[PDB]
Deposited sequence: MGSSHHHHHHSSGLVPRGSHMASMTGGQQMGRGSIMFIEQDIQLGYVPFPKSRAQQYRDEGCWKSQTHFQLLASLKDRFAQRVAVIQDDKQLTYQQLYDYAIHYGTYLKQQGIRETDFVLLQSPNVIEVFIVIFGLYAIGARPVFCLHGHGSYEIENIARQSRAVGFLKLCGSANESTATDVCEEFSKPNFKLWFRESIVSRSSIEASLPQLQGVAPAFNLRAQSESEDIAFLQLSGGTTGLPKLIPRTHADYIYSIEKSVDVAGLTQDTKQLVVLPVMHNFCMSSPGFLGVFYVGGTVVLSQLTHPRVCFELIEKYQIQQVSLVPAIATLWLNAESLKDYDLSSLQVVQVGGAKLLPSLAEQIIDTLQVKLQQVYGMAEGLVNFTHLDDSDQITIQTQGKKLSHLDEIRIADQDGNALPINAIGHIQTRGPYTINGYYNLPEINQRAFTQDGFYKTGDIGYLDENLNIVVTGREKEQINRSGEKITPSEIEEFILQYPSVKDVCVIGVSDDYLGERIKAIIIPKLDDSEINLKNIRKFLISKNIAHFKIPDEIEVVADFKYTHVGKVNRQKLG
């Protein structure tokens, strides 16, 4: 079985007990991403799935192009369970390449547009990817081979390097299909096999690989569809990066596909462009982050377009100020829907029948009744209305990043809960309220220190069992160390140990404290 090899390659699977419950309860279903697409072509063949400028794909056309492009990848040497990096802006051909890979059982590795070669190089190595597919909005951008020529080290195993330039027609975007006869392409992947790798939030360093299976990702999409209220008449505007988990599935373009609705792709966030598309296509839903909502609400063009069709606006990132939330609701005359989610798994939505106050003040309810949210104090669970470290496990939450055993020992609890790094509380209605991050960045005399970084090194000290690197005002760096009982755990020795390891001088603790617990 593929899972046997995957485990040896760094995949941490769902424990057998928890996997059975998720089967028994009807969470995990038996469709891969491509079996889902086939059944969507069966139900919604002639419905428009995607629009981008003057290009458009019905569900039938999406499935046909995907078959064709999958046949081409197969002829080029891509094999089932191979990892392939996919970097792309918001162009319509990205849906052909995603499902083309799914059609032969290849495994996408989703990379944000705007990630540099520095990010691509480490992701390619860590995933052992054999391919890099890069889509370009124009003939000016860097091709897949241009990016690979920037690597510091050769990567011989990443031998497939293909670029697609998005042009005025789909047929002209995929000229390599011209000499390929479409194939009955048959992958043997099961729904519980790994479907793809996502990337974690890359604000503090190199992104981590996140393995999702078909069954658990499609389950999350099914649930998101219900809570966002999507139907086959839904028209959704896509302004966020297509490669990002939010835009993909919360409820994302996959949620719209799932119901036979229409996705409208814009390469741009510019207010006037988006307002025009909303008016033109009578868009009813859009997902935003606060920075885009601020841009829209302060545009003086707001009054020049008919935005009457807007019904719901998702806002994700868990960093939405109540004042802006209320401005969103009243200015756009929509139901606000806050989304607190993460590529690693758990997603929380406010509900469409929620009071406006709840949508203003909270990030709503977990997708699954089998989702488990622990607000941890020392590790112990806290009651309602107590602020603590948000931890989670459930039917679509990863049990480990891919091919990262040392990080995994730290990013998950002993009983297998994912540690989000966020703090917050569950209120009286069981709505999550995110109030901040567990360990923010320290401002030590100009330098910005990532606590997680200093913690990793200090954990390489033999007698150390736990450390928490915090900042004090003056800002100084303090390390709270829990010993395994060692007088050699002291400031001078820890500092010299870190210097010897060649960390940045400006990231060494200025103070130590050896306690028995936090």
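Student: Provide the list of deposited-sequence positions lacking C-alpha coordinates, grouped into contiguous ranges.
Tutor: Coordinates drop out over 1 to 35, 219, 414, 512 to 515, 526, 561 to 574.
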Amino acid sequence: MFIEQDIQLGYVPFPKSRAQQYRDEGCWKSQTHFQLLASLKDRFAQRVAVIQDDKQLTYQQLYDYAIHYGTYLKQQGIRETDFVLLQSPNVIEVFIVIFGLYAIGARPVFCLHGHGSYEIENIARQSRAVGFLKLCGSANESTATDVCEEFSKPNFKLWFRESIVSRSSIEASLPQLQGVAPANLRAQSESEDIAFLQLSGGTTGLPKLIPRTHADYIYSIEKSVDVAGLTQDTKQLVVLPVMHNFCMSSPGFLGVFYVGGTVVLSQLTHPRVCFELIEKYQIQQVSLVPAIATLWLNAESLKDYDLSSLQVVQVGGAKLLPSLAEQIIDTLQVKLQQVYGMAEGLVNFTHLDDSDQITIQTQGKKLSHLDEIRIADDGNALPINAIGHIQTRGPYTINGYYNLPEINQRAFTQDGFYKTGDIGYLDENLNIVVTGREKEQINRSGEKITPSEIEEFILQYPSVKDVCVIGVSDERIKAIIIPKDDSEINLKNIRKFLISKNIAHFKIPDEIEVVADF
From here on, numbers count along this sequence of modelled residues.
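Student: Name the higher of the two by mean Cα B-factor in the PDB entry, 309 to 317 versus 109 to 117.
Tutor: Comparing 309 to 317 with 109 to 117, the higher average CA B-factor belongs to 109 to 117.
Student: Averaging CA B factors per stretch from the PDB record, which one is higher: 171 to 179 or 242 to 250?
Tutor: Stretch with the higher mean C-alpha B-factor: 171 to 179.
Student: Between 44, 457, 34, 69, which one tops the list for Cα B-factor in this entry?
Tutor: Of the candidates given, the C-alpha B-factor peaks at 457.
Student: Say you rank 135, 139, 347, 434 by Cα B-factor from the PDB entry; which sits at the top?
Tutor: Out of 135, 139, 347, 434, the record gives the largest C-alpha B-factor to 139.
Student: Hey, what third does residue 231 fall into on Cα B-factor, ranked over its chain?
Tutor: It falls in the bottom third of the chain.
Student: Among the modelled residues of its chain, does the C-alpha B-factor of residue 75 lie in the lowest, middle or highest third?
Tutor: For residue 75, whose C-alpha B-factor we compare with every modelled residue in the chain, the answer is the middle third.
Student: Residue 28's Cα B-factor: lowest, middle or highest third of the chain?
Tutor: Middle third of the chain for residue 28's C-alpha B-factor.
Student: In terms of the CA temperature factor given in the entry, to which third of its chain does residue 185 belong: lowest, middle or highest?
Tutor: Tercile = highest for this residue's CA B-factor.
Student: Is residue 424 in the lowest, middle or highest third of its chain when residues are ranked by C-alpha B-factor?
Tutor: CA B-factor rank for residue 424: middle third.
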